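All of the numbers you see were taken from the coordinates with simple rules; none came from a lab. Methodologically, a virtual Cβ is constructed for each residue, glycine included, from the backbone with ideal geometry; neighbour enumeration extends over all protein chains shown.
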């Protein structure tokens, strides 16, 4: 079972956040995450792994601050010791930067490059973020392999689409 | 290519709306729609077919009014003659009520029951609804058979979850 929350930004676009129930659902959230996903975790402390899926064409450095603080506060509330602390740091990196090896545990994750691992300090505990975020809480039991290859199929259909309209243009250029 | 808009209501939950690019793409939106989908169309006039996908456990009669008017105004704006009119009627029915036969046209859809087809009249023309909806426009090229089979697989997995959770409930 995976939890899904909705983070609304300033430009009235809804961002999808998801969070596994325990370590084993998150093993498959690591295995089947999308390139549009941004992984959030409390730095230097035990916590859950929060994920934020961006829109097509969006980058990690272009995340609205409200959404970034929604993910940060959400991942801090679901930390055993981070939730009771006032000031915590949250590392977040693109899903494509996560590295999982055989020598690793369940829940333990590595990085391909610490250069694309970013930091943000959540300085306090605000309850409206978590209340608003849970009022949008939907619980699903998804088959993430199939969903991720629906994303891959969608991307392939867009690339073939652009290929077919660029052959349309290059052929109709000759009138 | 399919268009996808986001209608946020006062519950702070986002509702997904999607609309095909033409009639033939909407043939496949008809064939592969989800049971959570609510079909919107301008009554008695040609228009596009707008779809609103509900959340798990949501019914057609429980749609927030803001979302219902977002779908209605969106389907009237994408009507050749509905957009120029002040007062139009919009019929909307669950996707499971749509009926498509071989003798039917492309774009022409039927109903399994006219009782589960609801009506709502849009009395005005609002540009802020369409502007706000257009700011959120995402265009995708989805494989709707595979996505609907992810929905059916998801429901099957919830059924296994509750089945084995009462199986262990009896064992505790």
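Show log10 I(q)/I(0) for segment A:2-142 at q = 0.10, 0.11, 0.17 Å⁻¹, two decimals, from a solvent-free Debye sum over equal Cα scatterers. The Cα Debye sum returns log10 ratios of -0.29, -0.36, -0.92.
At an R0 of 25 angstrom, the distance between the Cβ atoms of residue B:149 and residue A:4 translates into a FRET efficiency of 0.85. For segment A:63-81 and segment A:98-175, what is the separation of their C-alpha centers, rounded to whole Å? After rounding, the separation between the Cα centres reads 18 Å. Shielding of peptide B:10-20 by partners, expressed as the average count of other chain Cβ atoms within 10 Å per residue Cβ, is 3. Among A:140, B:113, the ranking by other beta carbons within 10 Å of each residue's beta carbon, starting with the fewest, stands as B:113, A:140.
For the protein assembly as shown, report the convex hull volume of the alpha-carbon atoms normalised per residue, in Å³, without decimals.
Numbers: hull volume 67.5 nm³, N = 347.
Taking the convex hull of the Cα positions in the protein assembly as shown, it is 194 Å³ per residue.
The C-alpha atoms of chain A define a longest principal axis, and helix A:144-172 lies at about 30 degrees to it.
Computed from Cα atoms, the angle from the helix B:65-77 axis to the main principal axis of chain B rounds to 50 degrees.
For a footprinting-style exposure proxy, rank B:30, B:80 by other Cβ within 10 Å, fewest first.
On the way: B:30 22, B:80 11.
So the ranking, lowest neighbour count to highest, is B:80, B:30.
In terms of other Cβ atoms within 10 Å, A:62, A:143, A:37 run from fewest to most in the order A:62, A:143, A:37. Taken residue by residue and averaged, Cβ atoms of other chains lying within 10 Å of the Cβ of B:154-161 number 3.
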